[PDB]
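So this first bit is one chain, no partners, the form solved without its partner chain, shown in structure tokens.
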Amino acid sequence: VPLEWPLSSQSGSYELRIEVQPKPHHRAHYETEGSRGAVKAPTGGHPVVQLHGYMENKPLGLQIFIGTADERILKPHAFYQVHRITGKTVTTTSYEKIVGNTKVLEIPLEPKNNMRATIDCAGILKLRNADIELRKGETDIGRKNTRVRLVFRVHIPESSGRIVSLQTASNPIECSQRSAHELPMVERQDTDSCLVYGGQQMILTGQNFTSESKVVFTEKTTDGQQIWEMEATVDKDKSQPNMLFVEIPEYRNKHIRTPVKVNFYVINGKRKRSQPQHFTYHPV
């Protein structure tokens, strides 16, 4: 009965499975924000849980709560609470209740549905560390502890007064926001010059090169006044996290007799840009 307690997902001819695991990440929401929705599956759908081996005809109650991911044996995560998702499109009916300091949702597992359930009313609230730590008793730390597991459990009543209690966890779920863009960083370039017609393909080696990354060639005066800007073409295909394939643009002045020294940088999004790289254009 108590939340934190060793339980297997299967006993005798009874087995509780996560037929459909949730996504790896799921930014949780604060009480001061709206809701950020329910935990979804990679497919775009939702997780699914099921109880195999049931003979009876009386529906059961599937219990849901946010637990820990760390090594230690499963226990309610003191910094997260399942958030009950209501209507709008929610299909599984759900009841909400507290258990100690843990909120717990409970949807029905009706046999008319092979004791299968589509968890799509489960969201993830995030308590404020300060609020919890300060609690007299808790000796845990919220700081940097932002992973969880959807814990599902069903209690199977036996016509023998006995009760078989099964429990099941989802794969770990990361619940913190993750920056949309990383800072690009060019460490090496297989080209440092080339004729003004450009054309050739240059390969950059660095970090955080997403497929959206872009490359810009510029040239400015000692003043700082930019007197030339040209975006360079990238070989999306070959492009990888650590390597970049670009097509050195044509320089602005076809006919030059002196080598021209220009600049270029990779950029992710509207801000995250690496730093000025050097290149040179040689006379025809």
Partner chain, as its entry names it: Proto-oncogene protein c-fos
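Only the largest set of C-alpha atoms that superpose within 1.5 Å between the two forms is called the rigid core. Positions refer to the first chain, counted from 1.
The protein also exists as the form solved in complex with its partner chain; that form is not presented, and the subsequent description refers to it.
Asks: Report the residue, out of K88, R162, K112, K97, that has at least one non-hydrogen atom within 4.5 angstroms of its partner chain in the entry with it bound.
Replies: In short, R162.
Asks: Tell me which stretch of 22 to 30, 59 to 67, 219 to 227, 46 to 54 has a heavy atom within 4.5 angstroms of its partner chain in the entry with it bound.
Replies: Contact criterion met by 219 to 227 only.
Asks: Is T280 close enough to touch its partner chain in the entry with it bound, meaning at least one heavy atom pair within 4.5 Å?
Replies: Result no; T280 lies far from its partner chain in the entry with it bound.
Asks: I'd like to check something about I73: if you look in the entry with it bound, is any of its heavy atoms closer than or equal to 4.5 Å to a heavy atom of its partner chain?
Replies: Result yes; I73 sits at the interface with its partner chain in the entry with it bound.
Asks: Which residues, if any, of 8 to 27 lie within 4.5 Å of its partner chain in the entry with it bound when only heavy atoms count?
Replies: Read in sequence order, the residues that approach its partner chain (within 4.5 Å, in the entry with it bound) are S8, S13.
Asks: With the core superposed, find the residue in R252, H52, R27, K40 that moves its CA 2 Å or more between the shown form and the other one.
Replies: Looking at each option in turn, only one qualifies, and it is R252.
Asks: Core superposed first: is there a CA shift of 2 Å or greater at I98 between the shown form and the other one?
Replies: Moves: yes, 2 Å or greater.
Asks: Once you line up the core, how about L16: does its CA shift reach 2 Å between the shown form and the other one?
Replies: Not so; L16 is displaced by less than 2 Å.
Asks: Rigid core fitted, then: does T210 show a CA shift of 2 angstroms or greater between the shown form and the other one?
Replies: Yes.
Asks: Which is it in the entry with it bound for the CA atoms of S179 and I132, closer or farther than here, knowing they shift by 3 Å or more?
Replies: So the answer is closer.
Asks: Report the direction of the Cα distance change between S179 and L127 in the entry with it bound, compared with the displayed form, as closer or farther; the change is 3 Å or more.
Replies: Closer in the entry with it bound, by 3 Å or more.
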